[PDB]
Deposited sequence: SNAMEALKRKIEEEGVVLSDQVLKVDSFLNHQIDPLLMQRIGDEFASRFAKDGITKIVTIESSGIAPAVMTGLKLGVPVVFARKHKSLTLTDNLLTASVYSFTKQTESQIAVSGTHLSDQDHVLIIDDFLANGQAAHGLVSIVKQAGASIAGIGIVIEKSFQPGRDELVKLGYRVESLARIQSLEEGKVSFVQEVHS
């Protein structure tokens, strides 16, 4: 009945394990979007960061946008999405970060929409190797803003992304934590 249970159900029902490293969730998160699920997700992120003085959400196009906007809606704050490609109006005050895929690409945000007055919640769909998250952290730091934490819809706990961010002192709130995709099945991190 909570967002974590709903999300785990969806992953169990509709997620397709493609390999040891890849989970396909195109039916609800990455191509088709379940807006009601996104609202529950946003409400859960908002609940976790309710008392933390969030002024702004930062995410990256495209899959991050829906959970980010639902979080922004609940908290009553604006949402900024970083861009991966040249666009028509993203032309000045560019804050950029290099992101390499396991080669390298640039992501960008206009500093016009981020100030040192901001206390930012980063929201993203997947946490795997963590390079995009590090990039968003860099961009927020470049703006002189502080980071309240990182909200992730699906985390692959068996990849290094989470540990890197935690080591750097960041609060990581992952709604689904996957321990393994071995044997073509999703195994979640154990809960007591």
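Residues of the deposited sequence with no modelled C-alpha atom fall in the ranges 103-105, 196-197.
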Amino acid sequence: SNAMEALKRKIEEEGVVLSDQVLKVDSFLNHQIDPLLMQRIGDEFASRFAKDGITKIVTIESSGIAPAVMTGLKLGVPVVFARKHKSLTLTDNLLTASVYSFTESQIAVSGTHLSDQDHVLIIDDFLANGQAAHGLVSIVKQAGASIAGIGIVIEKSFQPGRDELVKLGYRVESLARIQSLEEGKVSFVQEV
From here on, numbers count along this sequence of modelled residues.
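Looking at 18-26 and 170-178 together, the entry lists the larger mean B-factor for 18-26, computed on C-alpha atoms.
Stretches 69-77 and 83-91 differ in mean C-alpha B factor, with the higher average recorded for 83-91. Compared with the other modelled residues of the chain, the Cα B-factor recorded for residue 97 ranks in the highest third. Residue-level temperature factors show residue 107 in the highest third of its chain, judged at the C-alpha atom.
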